[PDB]
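Novice: Pasting the sequence and an experimental structure:
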Amino acid sequence: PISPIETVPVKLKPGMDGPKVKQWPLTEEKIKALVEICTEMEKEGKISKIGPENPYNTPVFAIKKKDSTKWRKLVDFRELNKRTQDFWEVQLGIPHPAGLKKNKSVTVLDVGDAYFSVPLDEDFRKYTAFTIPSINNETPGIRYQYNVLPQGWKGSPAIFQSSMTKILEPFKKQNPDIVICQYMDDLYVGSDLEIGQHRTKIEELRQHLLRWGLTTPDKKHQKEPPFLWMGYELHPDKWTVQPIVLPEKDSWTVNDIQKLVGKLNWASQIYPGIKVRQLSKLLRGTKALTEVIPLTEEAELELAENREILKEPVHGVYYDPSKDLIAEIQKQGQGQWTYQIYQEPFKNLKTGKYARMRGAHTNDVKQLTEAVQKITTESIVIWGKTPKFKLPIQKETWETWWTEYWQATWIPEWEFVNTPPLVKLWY
Amino acid sequence: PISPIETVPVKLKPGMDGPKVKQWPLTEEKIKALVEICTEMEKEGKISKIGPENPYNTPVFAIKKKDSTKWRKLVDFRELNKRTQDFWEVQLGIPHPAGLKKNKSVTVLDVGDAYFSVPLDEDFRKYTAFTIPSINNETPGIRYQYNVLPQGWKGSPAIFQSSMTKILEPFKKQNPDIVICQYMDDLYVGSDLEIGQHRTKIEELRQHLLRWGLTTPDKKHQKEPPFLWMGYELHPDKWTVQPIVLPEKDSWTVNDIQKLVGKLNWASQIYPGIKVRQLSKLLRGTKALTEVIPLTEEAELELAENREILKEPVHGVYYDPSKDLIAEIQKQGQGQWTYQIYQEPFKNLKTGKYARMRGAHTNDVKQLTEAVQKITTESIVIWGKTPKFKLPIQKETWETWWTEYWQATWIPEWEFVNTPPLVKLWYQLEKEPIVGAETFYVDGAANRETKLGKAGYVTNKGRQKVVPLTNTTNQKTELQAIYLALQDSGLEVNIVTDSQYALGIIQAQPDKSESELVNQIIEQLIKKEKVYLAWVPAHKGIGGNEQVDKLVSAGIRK
Ligand SMILES: COc1ccc2c(c1)N(C(=O)OC(C)C)[C@@H](CSC)C(=S)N2
Ligand SMILES: [Mn+2]
C-alpha cells in the first residue's frame, strides 16, 4: 500500500539475522569510483556513515551500467534478499505475462531511480550496510547504510509497487495492447507494433514516467531517428531454438559413422524415439577408422528420419515455477558458446546459442559474461526468473573478471562446473 | 563531569542476558594487590563503586606472575562477550608490507591502554561488573564496574579504533600531509620531515590524543625502526624477516612439520626460490599432532635447498604508486612455480610460489595460468591493480591452447621471456583419424570385487592380444588398454576406447600426473609422431568394439 511521506515497516524471515557477507577487494579505480559516488549519495541524504554497532555488510562493485565516462555502484543484495520475504502480500495475484516472450519487441526500461525517493524503515536500515574496501588493508574500510529503498534489494519494488501502477495506469489505460510487466529493477515494455512506432510508445512512456518525476536514463543513443540495429530491444519472437543436428554427406568414414552412432545413442536419453542398429551394422567387423564405407540403402533411412525425430520436443514442456531453473553453458568451437536451461536433468526447457566475433570482444571471459547476461535476460522474459548458472570457468578468474564486462543490474547465482569432454557435442 | 569522546551505543543478543558466573574466592593475599590497582583506577573514571543492585559478575583473577615488580590485573569476560552482540569486524588483513609506501620518517605510539580511556555506553556498563573478595560471611563485598573499554571484552578492539579514528579526525584534518594508520595498539604516524619537525608533528599529536584524554608511554622521544611487526622487519628502503628456527632434529611429528611448512611458507614471500610440495603430502595419513610420519626421500632435499637461500637474509622494497608493476614466473620443478613482482630490475617487492594440489592430472600451461591467476588476485589486494606479466611461454604455445581448452580464460597481457626452462607442449593429439595407421580397438575390464583384471586389443591388421594384470581397477585398466595399444603400435596409430574415463584423462593432454600409469602413457605419446584417440558407446556392439569386449573377461568364460 501507499504510505504518504511515512515509513513502511519491513522485516526479516523466521530465524534470520542480517547478512554478514564479505566484501571483495576491488581495484584502486573501482574504489575511487565508489568513493565519488557514495560521497555524493551521502550529501543527498541517500546513504549514511555507520559505527561498529553494525556487524552487517553486503558486497558492492563498480561496473559501468553503460561503458560511458560515468561509473556506477552495483550493490549485491542477494543474501540480504533471501533473508526477507513478507511481500507477495502485494495487492495483485497475476502470474508472469505468458505472452511477453511472444511480442515482437520487448524494450527494457530501468526505473531504479524512483526507489531513492522512498524512506526505508529506520529499523531495517541496518541490514543494508555495505563497506567500500581499502587498498591493501591500510584502512578499516568505509561503511554506509541505506536510508531509502535501495536498488536491487528485492523489496524496494514491492514497497513502491503501489506507486507504480498508480503511475503506469494511464499509459496502460490508453495503450492497452502493450504488455508492461516489471522485474526486480526494470520494467519490460512489449508489443507487436512495427519498430518505428514501438520505439515511440516506449518513448511516450519514458516521457510520461519522467513527466511525473520517475526519471529514466535508458535513452537509446539519439532523439527521434529512422535506421535499424541491435540494442536492448529484445525481440522475443525471433529468438528460436538451436537444435542438435546431424551432418550431411558424400565422404563418411568409419570414424564418421562411429561418432554419429555415439551422438544418436546419447540423444536417446532425451528423445527415446531414436533408433540406430541399422546404422550400427555398417561397422560390423574391425575396419580402419579412415576406411570409407558407402552409406547403405536401408541405412540411409535411419539417419535421414532421425533428422526429423529431433525436430520435435519432449515430455518436459513443464515448468514447475517453484523449482530452480538451471542453466549450463559449453564453450563450443570458438567465438561461439552453446547453452541449455532445464529444471530437471536431460529435459531442457530451452537450448540456445551465443556468439560474436573478436573485435573488442576478444576474450573468453567477456564472451561468457555476455553469454550469461544474455541467457539470463532471455530467462527473465520467459519465466520472469533468472537461472542458476554452471559456468565453465575457474572461480578465481571468473571472480576477478565477471565485473569487467557486466552491465545488467541483477546478479544471477552461479557455480563453477568443472568439466565437459563429450557433452560439448552440440547440446 | 567530562568524558571527551562520545559512546558507541551498545547491545547484546535479543533475549539473551549478562553473565553471572559468581565469585570463586581465594584467600586475602593478592586481594590487597588488586585492591591497590582497582583503587588507583577507581579515581573518577576507569571504573566505579557498584551499588547493592549489581546482578552480574565477570571474575577478575590476579596473575602477577606475568608482571614483575607489578601485580597484573587480568579479568576474563568469557561469559560476557558470549552474551555481547557482534560488531563490524576489526580488520585482520595484515597490510602486507610489500604494498607500503616509501617514507623518510615513521614513528610509533603505544595505545593499548586507550581501551581503558574511552567511555562505555552507560547502559552496557551494568554488565561489566567484577567482584573482589572481602573478608566475611555477611553481605557486603567489594563491588566495582567498568566505565571504559575493559581490555578482554568483545568489541574493545572495535569501539576503540572507531573512537580512535573519530579522535584523529581533526589532527588528521589540520595536517593534510601526515599518514596515520593503526594496527590494534600500534599507531604508525608517518611523514616526510626531518626527524626534528617530524616529532614536532608527532609532538602536537600526542598532546592532541592527550587532550582527547589518552596515554603515551612518556613525554620521551618515540620510534625504534626497524620494527618487529607481525613477523616483519621494517627499515625504510627495506622490509624482511629473520625468526628462522629450522629443525635439524632426528624425529619429526606433524606438529613440527606444520611449523616446518608454516615457516618456509612465510619465508616464501621474500626469498627467491622456496619449494614445499613434498613436505605437504606428509600430512596424508594422520590425525594426531604428535605422530609417526616416516619422513621421505625427496622431502629431505627440499628441506635441504631452501636451507641454502636462507643463508643470506633477503630484502624487499617499497612501492612506487607512480611506476608499473611487473611479475615473471619460472618453473621451479615438477609442478612447483616460483614468481616475483618488481617495478625496477632486481628491486623485488615480494615473491612467491605455486603448486597444483588442484586436479589429479594437469599440464604446465594450466598450472602456469593458475599461477598467473593466484598472483593477480594477490596483486589486486596487495596493490590495488594487476602487474605486467612476463612468462616463459610463446604466444603460439599458449594461444593454441587457451583456444582448444574447453574452459574460459583471461590473462592480463603477457610478455615472452626466453629464460629456460620453457613451458611447452609435448604432444598434441591429431584432431582427425589417420589413414594407413593401424587401428587398435581396445579394452580392459575387471571384476569390481577383485584384485586381478586384464586389458587388450584387436586390430584391423588382424592382430589380437590380451595381458593379465595384478591388483588393478576396472577404470585403471581401460587406461592399461590405451597403454597396451601405444605399446605394440607404430609411430602413428588410431585407438578406439569405450572409457569416457580414459578418453577424458588423455584428451586433456596432461604431462604431469601422479597416477604412475598415466605417466607411462604420457610418455609413449611423445615417442609417437601421431596419435588419434576416439570413443564409442559401451556394450553397443560396434564391429571392432564388440570384439574386444567378448575377448575380455565376460563375467567368466563359464
Ligand atoms: C618503517 O615502517 C614503515 C615504512 C613505510 C610504511 C609503513 C611502515 N606503513 C605502516 O603503517 O606500517 C605497517 C606495516 C605497520 C604505512 C603507514 S606508516 C605512516 C606506510 S604509508 N608505509
Ligand atoms: Mn570396456
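Specialist: Received it, and whenever you're ready, just let me know what you need. Numbers count the residues shown, from 1 in each chain, chains lettered A, B, ... in the order given. Ligands and ions are numbered 1, 2, ... in the order given.
Novice: ok, the nearest residue to residue A:291 once chain neighbours are set aside - how many residues close by?
Specialist: Distance criterion CB to CB, 6 or more residues apart in numbering or on different chains; nearest residue to residue A:291, sequence neighbours excluded, is residue A:254 at 5.0 Å. C-beta coordinates here come from the backbone N, C-alpha and C atoms, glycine included. Other residues near residue A:254 number 26, with proximity taken as other CB atoms under 10 Å in any protein chain shown.
Novice: Show me what whichever helix or strand residue B:351 is part of is packed up against.
Specialist: Per DSSP states H and E, residue B:351 falls inside strand B:350-355. On a contact count with 3 or more CB pairs under 8 Å, 6 or more residues apart in numbering or on different chains; DSSP states H and E, strand B:350-355 meets strand B:336-342, helix B:364-383.
Novice: Next, the closest residue in space to residue B:424 that isn't next to it in sequence: secondary structure please.
Specialist: Closest residue to residue B:424 apart from its sequence neighbours, by CB to CB, 6+ apart: residue B:397 at 5.5 Å. Following DSSP: H, G, I helix; E, B strand; the rest coil, residue B:397 is assigned to helix.
Novice: For the stretch 301-450 of chain B, which segments count as helices?
Specialist: Applying DSSP state H, counting those that start in this stretch to the stretch 301-450 of chain B gives helices spanning B:364-383, B:395-402.
Novice: which SS state does residue B:163 fall under?
Specialist: Quick answer, by three-state DSSP: residue B:163 is helix.
Novice: Quick check: residues of chain B near ligand 1?
Specialist: Residues of chain B that fall close to ligand 1, judged by CB under 6 Å from any ligand atom: B:95, B:97, B:100-101, B:103, B:106, B:179, B:181, B:183, B:188, B:190, B:225, B:227, B:229, B:234.
Novice: Please go through those and note which also touch chain A.
Specialist: Among the residues of chain B next to ligand 1, the ones lying near chain A by CB under 8 Å from any CB of the partner chain are B:95, B:181.
Novice: now that we have the residues of chain B next to ligand 1, which one has the most neighbours?
Specialist: residue B:97 (27 neighbours).
Novice: ok, it to residue B:429 distance?
Specialist: With distances taken as CB to CB, to the nearest Å, residue B:97 is found 47 Å from residue B:429.
Novice: again with residue B:230
Specialist: 50 Å.
Novice: Enumerate every residue touching residue A:390.
Specialist: A:326, A:327, A:328, A:329, A:414, A:415, A:416, A:417 (CB atoms under 8 Å, 6 or more residues apart in numbering or on different chains).
Novice: can I get these in JSON lines with secondary structure and neighbour count?
Specialist: Below are the contacts of residue A:390 laid out as JSON lines (DSSP: H, G, I helix; E, B strand; the rest coil; neighbours: other CB atoms under 10 Å in any protein chain shown):
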{"residue": "A:326", "secondary structure": "strand", "neighbour count": "19"}
{"residue": "A:327", "secondary structure": "strand", "neighbour count": "26"}
{"residue": "A:328", "secondary structure": "strand", "neighbour count": "22"}
{"residue": "A:329", "secondary structure": "strand", "neighbour count": "27"}
{"residue": "A:414", "secondary structure": "strand", "neighbour count": "18"}
{"residue": "A:415", "secondary structure": "strand", "neighbour count": "11"}
{"residue": "A:416", "secondary structure": "coil", "neighbour count": "16"}
{"residue": "A:417", "secondary structure": "coil", "neighbour count": "15"}
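Novice: With just CA atoms, put the helix or strand residue B:457 falls within into CSV.
Specialist: Assigned by DSSP H and E, residue B:457 belongs to strand B:453-459. Output in CSV follows, covering the C-alpha atoms of strand B:453-459 (Å, rounded to 0.1, in the frame of the first residue of the first chain):
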residue,chain,number,x,y,z
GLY,B,453,41.9,-58.0,-14.3
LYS,B,454,43.1,-57.9,-17.9
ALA,B,455,43.5,-55.4,-20.9
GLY,B,456,44.0,-55.9,-24.6
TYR,B,457,43.2,-55.2,-28.2
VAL,B,458,42.0,-56.3,-31.7
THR,B,459,43.4,-54.5,-34.8
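Novice: and it, anywhere near chain A?
Specialist: Yes: using CB under 8 Å from any CB, a contact is recorded between strand B:453-459 and chain A, made by B:458, B:459.
Novice: Give the partner strands of that strand in its sheet and their orientations.
Specialist: strand B:439-446 (antiparallel), strand B:464-469 (antiparallel) (DSSP bridges).
Novice: quick one, which of these is packed in tightest?
Specialist: strand B:439-446 (a mean of 28; mean count of other CB atoms under 10 Å in any protein chain shown).
Novice: My understanding was that residue A:38 contacts residue A:133; is that so?
Specialist: No: using CB atoms under 8 Å, residue A:38 makes no contact with residue A:133, being 12.0 Å away.
Novice: Return the closest of the residues of chain B next to ligand 1 with respect to ligand 1.
Specialist: Nearest to ligand 1, judged by CB to the nearest ligand atom, of the residues of chain B next to ligand 1 is residue B:190 at 2.0 Å.
Novice: How about the closest one: which residues does it bridge to?
Specialist: Applying DSSP bridges, one finds that residue B:190 bridges with residue B:106, residue B:179.
Novice: so how far is chain A from it?
Specialist: The gap separating residue B:190 from chain A is 11 Å, by CB to the nearest CB, to the nearest Å.
Novice: Against residue B:209, how distant is that residue?
Specialist: According to CB to CB, residue B:190 and residue B:209 sit 16 Å apart.
Novice: on that earlier part again, and which of the contacts of residue A:390 is nearest to residue A:159?
Specialist: Nearest to residue A:159 out of these is residue A:414 (CB to CB; 28.3 Å).
Novice: circling back: looking at residue A:38 and residue A:133, which has the bigger crowd around it?
Specialist: It is residue A:133, of residue A:38 and residue A:133, that has more neighbours when counted by other CB under 10 Å, with 23 against 19.
Novice: wait, doesn't that one sit right on residue A:25?
Specialist: Yes: between residue A:133 and residue A:25 there is a contact under CB under 8 Å: 5.6 Å.
Novice: Helix, strand or coil: sort out residue A:215 for me.
Specialist: Under three-state DSSP, residue A:215 comes out as coil.
Novice: State the three-state secondary structure for the residue nearest to it when sequence neighbours are not counted.
Specialist: Of all residues beyond its chain neighbours, the one nearest residue A:215 is residue A:113 (4.4 Å), with distances taken as CB to CB, 6+ apart. Following three-state DSSP, the label given to residue A:113 is helix.
Novice: residues in contact with residue A:113?
Specialist: Counting by CB under 8 Å, 6+ apart, residue A:113 touches A:214, A:215, A:216, A:217.
Novice: State the number of residues packed around the residue of the stretch 1-150 of chain A found nearest ligand 1.
Specialist: Residue nearest to ligand 1 within the stretch 1-150 of chain A (CB to the nearest ligand atom): residue A:138, separated by 6.6 Å. By other CB under 10 Å, the residues close to residue A:138 number 17.
Novice: cool, and residue B:98?
Specialist: 23.
Novice: Count the residues that sit near the residue lying closest to it once chain neighbours are set aside.
Specialist: Ranked by CB to CB, 6+ apart and with sequence neighbours excluded, the top spatial neighbour of residue B:98 is residue B:350, at 3.9 Å. Close neighbours of residue B:350, defined as other CB under 10 Å, add up to 24.
Novice: doesn't residue B:272 make contact with residue B:350?
Specialist: No: using CB under 8 Å, residue B:350 is not in contact with residue B:272; the gap is 10.4 Å.
Novice: what residues are shared contacts of the two?
Specialist: The contact sets of residue B:350 and residue B:272 overlap at residue B:340 (CB under 8 Å, 6+ apart).
Novice: And the strands in chain A?
Specialist: Secondary structure of chain A (DSSP state E): strands at A:47-49, A:60-63, A:72-75, A:105-110, A:130-132, A:142-146, A:179-183, A:186-191, A:233-234, A:326-330, A:336-342, A:353-355, A:388-390, A:413-415.
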